[PDB]
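K.L.:
The structure follows.
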Amino acid sequence: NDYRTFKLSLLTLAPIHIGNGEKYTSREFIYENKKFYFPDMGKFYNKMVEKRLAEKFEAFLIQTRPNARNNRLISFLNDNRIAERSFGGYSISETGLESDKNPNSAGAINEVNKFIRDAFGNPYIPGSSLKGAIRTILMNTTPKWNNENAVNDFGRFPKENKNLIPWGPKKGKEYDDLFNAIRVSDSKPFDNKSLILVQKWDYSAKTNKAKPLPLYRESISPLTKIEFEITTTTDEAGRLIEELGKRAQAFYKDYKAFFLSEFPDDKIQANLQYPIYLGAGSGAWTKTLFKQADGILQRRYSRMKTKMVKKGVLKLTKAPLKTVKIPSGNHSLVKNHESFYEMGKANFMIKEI
Amino acid sequence: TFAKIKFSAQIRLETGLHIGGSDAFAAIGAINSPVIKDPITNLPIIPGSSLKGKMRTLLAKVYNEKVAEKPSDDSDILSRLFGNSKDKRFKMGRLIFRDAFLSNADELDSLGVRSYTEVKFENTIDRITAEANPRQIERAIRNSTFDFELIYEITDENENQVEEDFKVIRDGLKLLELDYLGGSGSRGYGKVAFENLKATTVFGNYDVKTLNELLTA
Amino acid sequence: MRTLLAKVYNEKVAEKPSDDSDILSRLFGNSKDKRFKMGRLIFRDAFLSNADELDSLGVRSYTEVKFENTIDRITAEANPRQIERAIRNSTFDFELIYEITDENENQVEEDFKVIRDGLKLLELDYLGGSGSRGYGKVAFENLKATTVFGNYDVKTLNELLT
Amino acid sequence: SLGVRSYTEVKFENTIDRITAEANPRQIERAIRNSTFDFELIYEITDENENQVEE
Amino acid sequence: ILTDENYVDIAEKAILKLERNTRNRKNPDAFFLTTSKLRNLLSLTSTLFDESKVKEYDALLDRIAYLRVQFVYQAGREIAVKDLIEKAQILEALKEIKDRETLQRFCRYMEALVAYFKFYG
Amino acid sequence: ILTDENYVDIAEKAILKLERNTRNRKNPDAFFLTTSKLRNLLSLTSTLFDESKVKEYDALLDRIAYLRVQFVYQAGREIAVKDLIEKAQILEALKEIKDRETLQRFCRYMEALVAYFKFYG
RNA sequence: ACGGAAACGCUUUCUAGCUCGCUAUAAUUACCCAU
RNA sequence: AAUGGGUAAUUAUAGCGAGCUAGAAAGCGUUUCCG
């Protein structure tokens with residue numbers, strides 16, 4: 001009876017991609033209609049061996065063309081007159097903002113990522129992913145854990161002192177383990193049709209053109225309501241969960257103070273709820289207790305993909321424009337044209353039972 | 001007078017539980033933390049020890065005043081049903097937790113199932129410097145329904161209590177729904193439901209008509 | 001199988017195996033009686049019958065090791081166990097020599113109410129080891145009686161082993 | 001060559017004392033199964049048999 | 001060809017035959033093949049090694065034939081992978097993969113390639 | 001090389017040759033190799049030591065060849081394990097593992113390494 | 001016409017009771033490359 | 001400038017590795033033949 005649950009009604013106000021660690025490469029999707037289709041490529045290969053095209057198909061996956069739509073899998077169907085859907089059935093619709101808006105380059109996307117799913121096929125946001133977003137809010141807005149952390153004591157600096165929040169069995173003394181007493185459950189498995197497959201857009205202060213990037217994360221469409229059960233046992237983990245309305249705003253206000261300053265206000269959008277950042281999006285300042293990582297964090301990229309002289313680069317999408325119209329008037333949901341959202345910007349509200 | 005009482009509940013998952021083992025020769029870039037399977041059928045199972053370890057350790061905060069340091073210090077309502085090795089008369093007490101193997105072998109199929117165990121990639125993200133540390137753990141899939149087969153054991157010592165020793169069974173079948181049935185538990189991993197309980201008498205001609213109707217509240 | 005049958009046929013709590021009643025002691029034997037030694041039943045060790053049938057299937061080794069830590073009650077430590085146990089569908093040849101002494105009289109049919117019930121309690125209780133944590137669930141199948149020594153008719157008895 | 005390092009196995013058993021349930025272990029040594037022992041029974045024939053060498 | 005005895009020292013000698021970056025002697029002996037490129041080939045094989053222990057061969061051979069697609073496609077572009085599959089006889093090892101024991105041998109042969117790549121790196 | 005007489009004092013002298021944390025003299029003499037890292041190598045060998053007592057050598061040598069994968073992969077990353085397998089001659093001991101008696105000797109040689117690690121810790 | 005003859009080292013006995021493979025862990029980071 | 005491509009990291013980390021009860025317990029230690 002010491003348990004007391006919560007209902008974190010997560011509302012996506014941004015493209016949110018989560019998980020699965022694997023990717024559909026190029027030549028593994030067909031742009032037949034104005035909707036994508038991701039077959040089972042073992043089942044695709046078995047039908048095509050029966051249609052006697054396997055030597056042509058391996059000769060298809062070696063030669064490039066100056067055009068790009070003839071280097072996708074739909075050209076192998078039209079040059080050999082394939083007339084069935086019939087494969088490992090998974091298909092999403094599209095918007096037109098996936099590829100370059102110009103028609104010639106349309107449907108020539110490459111290397112989409114995947115979204116985490118169960119073995120049934122219906123996607124969900126897992127509880128392990130939603131809990132890592134809560135932990136950074138609970139990291140950065142305590143004054144006791146955001147101290148001079150990340151003592152290496154050996155070798156190279158990136159070693160965070162993970163033994164700063166008590167979590168182990170800790171022999172002799174009594175088991176406290178705060179994060180054992182915060183128990184984030186998974187989502188309900190929602191539908192495939194809220195997936196829009198955005199691409200990542202980098203935006204810096206200098207070089208004001210927002211450069212494209214060939215990431216093609218299949219993300220959740222915004223304005224989708226996803227609920228979570230978060231059950232807490234003890235008093236200390238009990239109090240830190242309804243406090244999140246004052247913790248996530250205090251996180252984001254400290255996170256508006258830099259990396260959301262020094263930018264135009266056009267690309268950044270409003271909050272309208274309690275803000276939170278899920279995975280695979282704006283990172284390294286959201287997936288980071290950020291005050292002690294700024295000096296340290298840029299050491300890892302003295303490379304060709306060099307992290308800039310400033311803090312970092314803004315992470316952006318191009319998703320279809322929607323409004324909520326919840327305040328007096330239609331809430332404009334952006335401060336620009338041309339469909340820029342920032343990736344991973346979620347919102348929630350919390351309530352017991 | 002001697003009697004045995006069987007409880008054929010059905011353990012249906014909502015978040016997929018991870019009762020681990022260790023495949024010692026696992027692989028690189030594969031499941032480095034598997035679930036325990038049935039050794040022939042390779043279906044994921046729930047052992048009775050993971051059930052009995054979560055029945056007792058959740059009823060040791062409810063039906064145990066002067067909270068126990070060891071399992072030998074349980075305050076002799078819990079030791080009467082879960083056994084107590086440091087006692088003259090409580091060794092092997094009256095409950096047998098049979099393993100819940102699998103029931104819906106072909107009801108999970110015709111929903112679309114490649115394998116009966118899903119694989120989840122999980123990534124300990126270092127907060128400072130954003131280092132990544134992935135892990136791949138197995139889970140029994142969402143709508144998997146297991147065969148709970150708890151067996152009660154009536155001697156001539158049981159007299160008045162018989163029925164007192166089922167509210168602790170009914171609450172153990174209820175305090176675990178508010179918790180996880182093992183697992184990398186904090187994140188999801190066994191938020192489980194104990195559906196359609198049914199007590200029957202499998203030996204000794206004992207009546208369970210008044211016994212069933214206190215398991216439906 | 002004695003202690004399961006001890007809870008049915010004693011009428012008082014026997015503090016010793018010698019204090020079991022005269023229906024247990026004339027099957028399992030008693031040492032304090034000079035009349036119930038050389039007990040009637042002879043139990044032989046059960047070996048793997050289906051060692052070839054567990055071969056060519058999804059199992060490789062005939063024993064699987066189960067990893068089983070405990071959790072400390074107040075400090076939540078761990079202490080990992082590795083308890084070996086036989087795999088699921090192993091089938092064991094079981095034989096149950098009963099010796100019809102000339103003093104048996106009409107007790108032969110009373111004993112088979114006891115042995116079958118001893119085989120029916122083992123299908124409800126466990127068989128060896130950590131039985132309140134699983135590890136039991138023994139099913140006796142293909143129960144039938146044959147006369148390995150002559151001059152007895154089990155035609156009206158194999159229906160009791162249905 | 002059917003690898004056996006010592007020809008006598010050691011079987012571990014116990015006793016569960018009734019009403020106290022405290023075990024009482026035991027280590028009894030047994031010759032292993034496919035040991036084959038040579039048996040020689042000798043029936044001696046004299047003139048005092050008189051057609052009893054088939055009974 | 002690779003048997004249950006020699007599927008590791010073939011894989012060790014294969015990694016040593018990968019020609020290094022003899023150019024640009026600052027931080028020398030680096031391979032043209034890179035780590036995250038090789039793990040793409042392993043993630044193919046180290047999900048059949050899991051499913052072979054659970055499923056049979058005949059309900060699984062559709063993904064096995066698609067390895068011959070992937071190991072050619074990943075090596076048809078970005079020529080350092082073609083340097084692997086010609087030296088480490090990958091495409092020849094997929095010719096003989098007729099059983100679960102050989103499926104679990106080639107999927108384990110790829111893990112020896114990732115091991116000595118990480119060791120000699 | 002290790003025989004039935006010397007497979008323990010070789011393993012004792014191996015652990016003493018592991019270079020300590022000479023840096024950071026608060027709680028000194030700690031090893032760069034850690035306990036839970038070493039047990040990953042033992043769990044490999046202390047499941048062949050069980051199956052060698054039950055099975056024959058020829059129906060078991062596929063997992064034996066994969067030890068040469070694992071002891072290189074676990075030592076190719078996180079260099080403190082490479083400090084073990086160069087000092088404790090692990091990869092040389094896997095060259096001579098042709099019989100059940102040597103398989104039960106190396107799998108018992110690893111247990112002496114875990115023993116003196118726990119003792120000198 | 002053997003310090004011999006006849007004599008089962010044997011009867012009864014569960015390797016058993018207690019024990020969660022658990023604890024912490026966003027599949028994520030970086031922003032270019034080819035000509 | 002357009003075009004065509006993604007690329008590089010980490011692949012589990014740290015802990016426990018069994019603990020405690022019982023360690024044999026009841027009988028028979030010669031009987032019969034014999035003077």
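All residue names refer to the structure tokens as shown: chains lettered A, B, ... in order, residues numbered from 1 in each chain, ligands numbered from 1 in order.
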Find the residues of chain G in contact range of chain A, meaning any atom within 8 Å when counting only C-alpha atoms (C1' of nucleotides), and list them as a ChimeraX atom specification.
P.N.:
/G:23-24,26-32
K.L.:
May I have the selected residues written with N, CA, C and O atoms (P, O5', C5', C4', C3', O3' and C1' of nucleotides), as a PDB file, in the first residue's frame?
P.N.:
```pdb
ATOM      1  P     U G  23      15.911  -6.010 -10.487  1.00  0.00           P
ATOM      2  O5'   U G  23      16.674  -4.770  -9.863  1.00  0.00           O
ATOM      3  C5'   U G  23      16.965  -4.718  -8.480  1.00  0.00           C
ATOM      4  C4'   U G  23      18.233  -3.955  -8.229  1.00  0.00           C
ATOM      5  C3'   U G  23      18.699  -3.062  -9.357  1.00  0.00           C
ATOM      6  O3'   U G  23      17.975  -1.850  -9.447  1.00  0.00           O
ATOM      7  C1'   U G  23      20.531  -4.264  -8.487  1.00  0.00           C
ATOM      8  P     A G  24      17.189  -1.484 -10.797  1.00  0.00           P
ATOM      9  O5'   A G  24      17.568   0.033 -11.045  1.00  0.00           O
ATOM     10  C5'   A G  24      18.235   0.779 -10.046  1.00  0.00           C
ATOM     11  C4'   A G  24      19.470   1.432 -10.599  1.00  0.00           C
ATOM     12  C3'   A G  24      19.447   1.732 -12.082  1.00  0.00           C
ATOM     13  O3'   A G  24      18.755   2.927 -12.381  1.00  0.00           O
ATOM     14  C1'   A G  24      21.508   0.737 -11.498  1.00  0.00           C
ATOM     15  P     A G  26      20.159   5.740 -19.052  1.00  0.00           P
ATOM     16  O5'   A G  26      18.910   5.583 -20.022  1.00  0.00           O
ATOM     17  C5'   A G  26      19.074   5.240 -21.393  1.00  0.00           C
ATOM     18  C4'   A G  26      17.741   5.165 -22.090  1.00  0.00           C
ATOM     19  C3'   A G  26      17.793   4.927 -23.600  1.00  0.00           C
ATOM     20  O3'   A G  26      16.596   4.259 -24.000  1.00  0.00           O
ATOM     21  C1'   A G  26      16.684   6.927 -23.184  1.00  0.00           C
ATOM     22  P     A G  27      16.513   2.667 -24.154  1.00  0.00           P
ATOM     23  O5'   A G  27      17.677   2.302 -25.174  1.00  0.00           O
ATOM     24  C5'   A G  27      17.453   2.304 -26.582  1.00  0.00           C
ATOM     25  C4'   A G  27      18.498   3.123 -27.295  1.00  0.00           C
ATOM     26  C3'   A G  27      18.074   3.764 -28.613  1.00  0.00           C
ATOM     27  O3'   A G  27      18.568   5.088 -28.654  1.00  0.00           O
ATOM     28  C1'   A G  27      20.097   2.635 -28.892  1.00  0.00           C
ATOM     29  P     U G  28      17.752   6.207 -29.444  1.00  0.00           P
ATOM     30  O5'   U G  28      18.636   7.502 -29.223  1.00  0.00           O
ATOM     31  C5'   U G  28      18.951   7.911 -27.908  1.00  0.00           C
ATOM     32  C4'   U G  28      20.432   8.026 -27.701  1.00  0.00           C
ATOM     33  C3'   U G  28      21.179   8.922 -28.656  1.00  0.00           C
ATOM     34  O3'   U G  28      20.991  10.299 -28.412  1.00  0.00           O
ATOM     35  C1'   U G  28      22.406   6.946 -28.322  1.00  0.00           C
ATOM     36  P     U G  29      21.085  11.321 -29.639  1.00  0.00           P
ATOM     37  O5'   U G  29      22.607  11.778 -29.633  1.00  0.00           O
ATOM     38  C5'   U G  29      23.260  12.098 -28.418  1.00  0.00           C
ATOM     39  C4'   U G  29      24.755  11.987 -28.554  1.00  0.00           C
ATOM     40  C3'   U G  29      25.356  12.692 -29.751  1.00  0.00           C
ATOM     41  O3'   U G  29      25.493  14.082 -29.562  1.00  0.00           O
ATOM     42  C1'   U G  29      26.263  10.525 -29.586  1.00  0.00           C
ATOM     43  P     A G  30      24.832  15.090 -30.618  1.00  0.00           P
ATOM     44  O5'   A G  30      26.064  15.541 -31.509  1.00  0.00           O
ATOM     45  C5'   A G  30      27.332  15.763 -30.918  1.00  0.00           C
ATOM     46  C4'   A G  30      28.440  15.383 -31.860  1.00  0.00           C
ATOM     47  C3'   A G  30      28.295  15.899 -33.277  1.00  0.00           C
ATOM     48  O3'   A G  30      28.713  17.241 -33.403  1.00  0.00           O
ATOM     49  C1'   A G  30      28.880  13.616 -33.327  1.00  0.00           C
ATOM     50  P     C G  31      27.660  18.369 -33.830  1.00  0.00           P
ATOM     51  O5'   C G  31      27.965  18.592 -35.371  1.00  0.00           O
ATOM     52  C5'   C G  31      29.305  18.742 -35.820  1.00  0.00           C
ATOM     53  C4'   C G  31      29.500  18.236 -37.228  1.00  0.00           C
ATOM     54  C3'   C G  31      28.726  18.976 -38.318  1.00  0.00           C
ATOM     55  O3'   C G  31      29.525  19.011 -39.494  1.00  0.00           O
ATOM     56  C1'   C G  31      28.187  16.693 -38.390  1.00  0.00           C
ATOM     57  P     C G  32      29.635  20.352 -40.364  1.00  0.00           P
ATOM     58  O5'   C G  32      31.024  20.194 -41.120  1.00  0.00           O
ATOM     59  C5'   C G  32      31.102  19.501 -42.355  1.00  0.00           C
ATOM     60  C4'   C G  32      31.265  18.017 -42.157  1.00  0.00           C
ATOM     61  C3'   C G  32      31.735  17.248 -43.378  1.00  0.00           C
ATOM     62  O3'   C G  32      33.139  17.297 -43.533  1.00  0.00           O
ATOM     63  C1'   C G  32      29.886  16.136 -42.405  1.00  0.00           C
TER      64        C G  32
END
```
K.L.:
Give me the residues within 8 Å of residue 31 of chain F as a list in words, counting only C-alpha atoms (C1' of nucleotides) and dropping any in the same chain fewer than 4 places off.
P.N.:
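So, after excluding close chain neighbours, the residues are residues 18, 19, 20, 21 and 121 of chain F.
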K.L.:
For those residues, write C-alpha atoms to a file as a CSV table (one decimal), in the first residue's frame.
P.N.:
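And here is the file that came out, selection20.csv:
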```
chain,number,residue,atom,x,y,z
F,18,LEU,CA,49.5,-8.2,-13.0
F,19,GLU,CA,50.6,-4.6,-12.6
F,20,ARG,CA,48.6,-2.9,-9.9
F,21,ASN,CA,47.1,0.6,-9.6
F,121,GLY,CA,42.6,-8.4,-3.8
```
K.L.:
Can you tell me which residues surround segment 20-30 of chain D at a distance of at most 12 Å, considering only C-alpha atoms (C1' of nucleotides), apart from same-chain residues fewer than 5 positions away, and format the answer as an MDAnalysis selection string?
P.N.:
(chainID B and resid 83:93) or (chainID C and resid 3 13:16) or (chainID D and resid 6:15 35) or (chainID G and resid 13:17) or (chainID H and resid 21:25)
K.L.:
Can you list every residue of chain F that has an atom at most 10 Å from chain H, with its nearest atom pair and the distance in Å to one decimal, using only C-alpha atoms (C1' of nucleotides), ordered by chain then number, as a tab-separated table?
P.N.:
```
residue	atom	partner	partner_atom	distance
F:34	CA	H:14	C1'	9.0
F:35	CA	H:15	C1'	8.5
F:36	CA	H:15	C1'	6.9
F:37	CA	H:14	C1'	8.9
F:39	CA	H:17	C1'	8.4
F:43	CA	H:17	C1'	9.8
```
K.L.:
Keeping only N, CA and C atoms, write the selected residues to a file as an mmCIF file, in the first residue's frame.
P.N.:
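Output (out_10.cif):
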```cif
data_model
loop_
_atom_site.group_PDB
_atom_site.id
_atom_site.type_symbol
_atom_site.label_atom_id
_atom_site.label_comp_id
_atom_site.auth_asym_id
_atom_site.auth_seq_id
_atom_site.Cartn_x
_atom_site.Cartn_y
_atom_site.Cartn_z
ATOM 1 N N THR F 34 39.456 -6.285 -13.062
ATOM 2 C CA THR F 34 38.442 -6.286 -12.020
ATOM 3 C C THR F 34 37.794 -7.659 -11.918
ATOM 4 N N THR F 35 36.987 -7.829 -10.867
ATOM 5 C CA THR F 35 36.444 -9.145 -10.542
ATOM 6 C C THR F 35 35.388 -9.577 -11.545
ATOM 7 N N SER F 36 34.375 -8.736 -11.770
ATOM 8 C CA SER F 36 33.284 -9.087 -12.672
ATOM 9 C C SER F 36 33.733 -9.184 -14.120
ATOM 10 N N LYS F 37 34.869 -8.582 -14.456
ATOM 11 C CA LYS F 37 35.462 -8.783 -15.767
ATOM 12 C C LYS F 37 36.083 -10.166 -15.891
ATOM 13 N N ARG F 39 35.245 -12.882 -14.176
ATOM 14 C CA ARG F 39 34.244 -13.938 -14.067
ATOM 15 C C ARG F 39 33.573 -14.207 -15.405
ATOM 16 N N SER F 43 33.177 -18.030 -16.648
ATOM 17 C CA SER F 43 31.892 -18.627 -17.007
ATOM 18 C C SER F 43 31.935 -19.301 -18.367
#
```
K.L.:
Taking only C-alpha atoms into account, which residues of chain A are within 10 Å of chain E, as number ranges by chain?
P.N.:
A: 21-23, 27, 40-46, 54, 57-64
K.L.:
Output the contact residues of chain B with respect to chain E at a cut-off of 8 Å, based on only C-alpha atoms, as a VMD selection string.
P.N.:
chain B and resid 27 to 31 42 115
K.L.:
Write out as a list in words each polymer residue whose atoms come within 6 Å of residue 123 of chain B, counting only C-alpha atoms (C1' of nucleotides); drop sequence neighbours fewer than 6 positions from it.
P.N.:
residues 132, 133, 134 and 135 of chain B; 27 of chain G
K.L.:
I need the residues from that last selection saved to file as a PDB file, in the first residue's frame (with N, CA, C and O atoms (P, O5', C5', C4', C3', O3' and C1' of nucleotides)), if you can.
P.N.:
```pdb
ATOM      1  N   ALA B 132      28.051   5.699 -25.027  1.00  0.00           N
ATOM      2  CA  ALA B 132      26.997   4.722 -25.217  1.00  0.00           C
ATOM      3  C   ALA B 132      27.501   3.351 -24.795  1.00  0.00           C
ATOM      4  O   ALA B 132      28.672   3.024 -24.997  1.00  0.00           O
ATOM      5  N   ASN B 133      26.621   2.554 -24.192  1.00  0.00           N
ATOM      6  CA  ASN B 133      26.976   1.217 -23.723  1.00  0.00           C
ATOM      7  C   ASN B 133      25.765   0.320 -23.919  1.00  0.00           C
ATOM      8  O   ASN B 133      24.946   0.152 -23.008  1.00  0.00           O
ATOM      9  N   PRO B 134      25.626  -0.284 -25.091  1.00  0.00           N
ATOM     10  CA  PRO B 134      24.404  -1.021 -25.405  1.00  0.00           C
ATOM     11  C   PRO B 134      24.385  -2.394 -24.761  1.00  0.00           C
ATOM     12  O   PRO B 134      25.415  -2.980 -24.436  1.00  0.00           O
ATOM     13  N   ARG B 135      23.171  -2.900 -24.589  1.00  0.00           N
ATOM     14  CA  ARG B 135      22.950  -4.241 -24.083  1.00  0.00           C
ATOM     15  C   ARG B 135      21.709  -4.793 -24.759  1.00  0.00           C
ATOM     16  O   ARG B 135      20.846  -4.039 -25.206  1.00  0.00           O
TER      17      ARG B 135
ATOM     18  P     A G  27      16.513   2.667 -24.154  1.00  0.00           P
ATOM     19  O5'   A G  27      17.677   2.302 -25.174  1.00  0.00           O
ATOM     20  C5'   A G  27      17.453   2.304 -26.582  1.00  0.00           C
ATOM     21  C4'   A G  27      18.498   3.123 -27.295  1.00  0.00           C
ATOM     22  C3'   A G  27      18.074   3.764 -28.613  1.00  0.00           C
ATOM     23  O3'   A G  27      18.568   5.088 -28.654  1.00  0.00           O
ATOM     24  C1'   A G  27      20.097   2.635 -28.892  1.00  0.00           C
TER      25        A G  27
END
```
K.L.:
Using DSSP on the backbone coordinates, identify all residues within segment 145-211 of chain A classified as strand (DSSP E or B); present the result as a PyMOL selection string.
P.N.:
chain A and resi 182-184+195+201-203+211
K.L.:
Could you check the closest approach to chain H for each of A:323, A:286, A:99, A:71 and tell me which residue wins, using only C-alpha atoms (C1' of nucleotides)?
P.N.:
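Looking at the shortest contact to chain H, the residue is A:71.
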K.L.:
Could you name the residues that touch segment 43-60 of chain C at 12 Å or less, counting only C-alpha atoms (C1' of nucleotides), but leaving out those on the same chain fewer than 2 positions away, as a VMD selection string?
P.N.:
(chain B and resid 37 to 43) or (chain C and resid 1 to 2 27 to 28 39 to 41 62 to 64 86 to 99 115) or (chain D and resid 33) or (chain E and resid 52 to 57 100) or (chain F and resid 51 54 to 55 59 to 60)
K.L.:
At a cut-off of 7 Å, list the chain B residues touching chain C, using only C-alpha atoms, as a count of residues only.
P.N.:
16
K.L.:
If we count only C-alpha atoms (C1' of nucleotides), what is near residue 93 of chain E at a cut-off of 9 Å, once residues fewer than 4 positions away on the same chain are taken out, given as a ChimeraX atom specification?
P.N.:
/E:1-2,89,97,106
K.L.:
Please produce an output containing N, CA, C and O atoms for each residue in the selection, written as a CSV table (one decimal), in the first residue's frame.
P.N.:
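Contents of again-v1.csv, freshly written:
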```csv
chain,number,residue,atom,x,y,z
E,1,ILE,N,36.3,-23.0,-47.2
E,1,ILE,CA,35.9,-24.1,-46.4
E,1,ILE,C,36.4,-23.9,-44.9
E,1,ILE,O,37.5,-23.3,-44.8
E,2,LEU,N,35.6,-24.2,-43.9
E,2,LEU,CA,36.0,-24.1,-42.5
E,2,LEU,C,35.2,-25.1,-41.7
E,2,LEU,O,34.0,-25.3,-41.9
E,89,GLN,N,37.2,-15.8,-46.6
E,89,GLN,CA,36.4,-16.4,-47.7
E,89,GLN,C,34.9,-16.4,-47.2
E,89,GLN,O,34.4,-17.5,-46.8
E,97,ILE,N,26.5,-23.9,-46.2
E,97,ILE,CA,25.9,-23.5,-44.9
E,97,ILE,C,24.6,-24.4,-44.7
E,97,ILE,O,23.6,-23.9,-44.1
E,106,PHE,N,29.4,-20.5,-39.2
E,106,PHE,CA,29.7,-19.3,-39.9
E,106,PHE,C,29.3,-18.1,-39.2
E,106,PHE,O,30.1,-17.1,-39.2
```
K.L.:
Within 12 Å of chain F, which residues belong to chain D? Use only C-alpha atoms and report them as a PyMOL selection string.
P.N.:
chain D and resi 1-5
K.L.:
Could you work out how far atom CA of residue 192 of chain B lies from atom CA of residue 61 of chain B, giving the answer in Å with one decimal?
P.N.:
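Calculated distance between atom CA of residue 61 of chain B and atom CA of residue 192 of chain B is 19.9 Å.
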K.L.:
Counting only C-alpha atoms (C1' of nucleotides), which of D:32, D:42, D:16, D:53 gets nearest to chain G?
P.N.:
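Answer, going by the shortest atom-to-atom distance: D:16.
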K.L.:
Kindly give the distance, in Å, that separates atom CA of residue 334 of chain A and atom CA of residue 110 of chain A, rounded to a single decimal.
P.N.:
27.8 Å
K.L.:
Taking only C-alpha atoms (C1' of nucleotides) into account and nothing else, which residues of chain A lie no more than 8 Å away from chain H? Please answer as a PyMOL selection string.
P.N.:
chain A and resi 66+68+111+168+213-215
K.L.:
Let's have the selection written as a compact mmCIF listing (two decimals), in the first residue's frame, with N, CA and C atoms.
P.N.:
```txt
# COMPACT_ATOMS: atom_id res chain seq x y z
N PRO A 66 23.83 8.25 -62.39
CA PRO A 66 23.79 9.68 -62.03
C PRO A 66 22.44 10.13 -61.52
N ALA A 68 19.11 9.23 -59.15
CA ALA A 68 19.02 8.56 -57.86
C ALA A 68 17.79 7.69 -57.71
N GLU A 111 18.85 4.97 -46.17
CA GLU A 111 19.23 4.56 -44.82
C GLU A 111 18.27 5.13 -43.77
N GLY A 168 23.42 0.17 -5.61
CA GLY A 168 23.81 -1.20 -5.43
C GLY A 168 23.13 -1.89 -4.27
N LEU A 213 20.91 16.19 -43.96
CA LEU A 213 21.72 15.12 -43.43
C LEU A 213 20.99 13.82 -43.73
N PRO A 214 21.69 12.75 -44.13
CA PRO A 214 20.99 11.55 -44.61
C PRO A 214 20.47 10.61 -43.53
N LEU A 215 20.31 11.08 -42.30
CA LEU A 215 19.52 10.31 -41.34
C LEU A 215 18.06 10.40 -41.71
```
